[PDB]
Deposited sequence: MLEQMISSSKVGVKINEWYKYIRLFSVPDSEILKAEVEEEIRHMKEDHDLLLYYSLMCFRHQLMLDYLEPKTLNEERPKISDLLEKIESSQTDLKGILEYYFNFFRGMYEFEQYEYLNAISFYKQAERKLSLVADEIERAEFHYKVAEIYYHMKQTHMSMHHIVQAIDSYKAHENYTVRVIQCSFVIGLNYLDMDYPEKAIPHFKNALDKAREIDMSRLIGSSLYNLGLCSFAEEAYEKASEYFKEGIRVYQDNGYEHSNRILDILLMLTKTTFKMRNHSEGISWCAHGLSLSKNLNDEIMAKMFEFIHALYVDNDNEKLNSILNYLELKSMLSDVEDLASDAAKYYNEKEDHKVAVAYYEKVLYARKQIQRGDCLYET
C-alpha cells in the first residue's frame, strides 16, 4: 500500500493545479489516513510534506508562525539523498516559496535546479506549471525575452486542456505585461481584457481586480491617468469587497494609484492615498512595499533626493531593477517638469544604469 499513497499524492497535486479546493481537501484527508498505516518511506514522507506545502500555497492564494513556515521547516530537515522527480518537486516548490518572499535570486536558483530535471516530467500540465512560474519570475526581473519564451510554452499546454482557466488568465497577465515592458500598451490591452472576461465568468474577485490593475497600467503607460486612476480605484474595491484587503499585492494597486493621483496634480487626494498605502505596508509587514511608498512620499512631497537615492540602492540590492528604473524614471520626469534639470539629469542617468543592469 506504498504505491497507493504515491498515486493519491499525485491525484492530490492534480487537483491543486485545478484549484479544486474540495477535491484537494478530500485527497489530503485520504493521504493522511493512509500514511497512518504505512511503513515510513522517508521519500514518501517527503513527497507528502511537499504536497502539504504546495496545498498550503494554493490555499494562501485563495484566502490570505504561519502553517507555511512550520511546513517549510519539515521540508528542509529532510533534503538528504534526493533523486528523480522528487528532487524536481523539491526545488520547484522551494523556488515558489522563495518567490513569494521577494527572494528573487534564491527562487531563480531553485528554479534553475528544477529545470535541469525537466526531462523527467512526463505530465505536460506539470511542465506548463514550471514554464509559467519561470516565465513569471523572468517578467519580474524584466527578462522579457526569456519570459516570453517560457510563457508561450505554458499557455499552449494550458489552452490544450480545459479546466485550467485560472492558469490561462495568469498566463494572459504575463504575456500582456511583457508587451507592456516593450512599450506596446495597445498590444497588451487585448490580453488583459480577455483575462478580465474569463475572471468574471468564474467569479474570481482576485483575478478580476488584478486585471483592472494590469489594464490601469496600460492607461498609465498611455498617459491616460484619468482612465488609469479609475481602473486602479475599482480594482482596489474589488480586493476590498471580497476578502483580499490584506493581500500584499493590493499594495501594487495602491502604489500606482498614489503615483497617478500625484501626476494628475490632485495633491491632496494624492496624500490621502500614499497614506493608506504607507500604513498598510507597515501593517502587512512588507518592507519592500513600504519603501516604495516612501519613495513616492519623499519625491512628490519632500524632494528628499537623498532618501530617494537610498531607496534606489535598496531596491537594487533586492534585485528589483525594474522598480529601480520605474521610480528613478518618476523622479527624473517630475524634476524635469519642475525645471530642476540639473538633478533631473541625475535620475535620468540612474534610469540608464538600471536599464543596462537589466540587460546583462
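S.K.: Could you spell out the stretches of the deposited sequence that were left without C-alpha coordinates, going in sequence order?
M.R.: Going by the record, the segments left unmodelled (no C-alpha atoms) fall at 1-6, 71-76, 373-379.
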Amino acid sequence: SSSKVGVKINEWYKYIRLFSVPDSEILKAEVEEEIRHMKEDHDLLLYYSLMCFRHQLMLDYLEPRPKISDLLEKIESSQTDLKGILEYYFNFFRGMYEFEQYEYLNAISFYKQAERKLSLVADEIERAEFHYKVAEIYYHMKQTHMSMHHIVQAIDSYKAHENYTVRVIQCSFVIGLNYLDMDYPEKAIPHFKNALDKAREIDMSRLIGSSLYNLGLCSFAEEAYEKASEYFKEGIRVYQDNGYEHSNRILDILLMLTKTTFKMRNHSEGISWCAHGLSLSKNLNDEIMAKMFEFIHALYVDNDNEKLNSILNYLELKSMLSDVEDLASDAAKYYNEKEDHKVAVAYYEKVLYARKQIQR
From here on, numbers count along this sequence of modelled residues.
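S.K.: Hey, does residue 294 show up as a hole in at least a third of the other compared models?
M.R.: Modelled in all the others, so no.
S.K.: Would you say residue 64 goes unmodelled in a third or more of the other compared entries?
M.R.: Negative; every one of those entries includes residue 64.
S.K.: In the PDB record, does 80-88 or 269-277 carry the higher mean Cα temperature factor?
M.R.: According to the entry, 269-277 carries the higher average C-alpha B-factor.
S.K.: Which is higher in the entry, the mean Cα B factor of 290-298 or that of 66-74?
M.R.: The stretch with the larger mean CA B-factor is 66-74.
S.K.: Going by the deposited entry, which of 101, 153, 109, 242 has the highest CA temperature factor?
M.R.: Checking the PDB record, the top C-alpha B-factor among 101, 153, 109, 242 is at 242.
S.K.: From 127, 233, 140, 133, pick the one with the largest CA B-factor in the entry?
M.R.: In the PDB entry, the greatest C-alpha B-factor among 127, 233, 140, 133 is found at 233.
S.K.: Taking the C-alpha B-factors as the PDB entry records them, is residue 58 in the lowest, middle or highest third of its chain?
M.R.: Tercile = lowest for this residue's CA B-factor.
S.K.: Just say lowest, middle or highest third for the CA B-factor of residue 262 relative to the other modelled residues in its chain.
M.R.: Highest third - that is where residue 262 ends up once the chain's C-alpha B-factors are sorted.
S.K.: Where does the C-alpha B-factor of residue 345 rank in its chain, lowest, middle or highest third?
M.R.: Highest third of the chain for residue 345's C-alpha B-factor.
S.K.: Going by what the PDB entry lists, where does residue 96 fall on CA B-factor within its chain: lowest, middle or highest third?
M.R.: Ranked within chain, residue 96 CA B lands in the lowest tercile.
S.K.: Would you check the entry's CA temperature factor for residue 186 and let me know if it's in the chain's lowest, middle or highest third?
M.R.: Its C-alpha B-factor belongs to the highest third of this chain's values.
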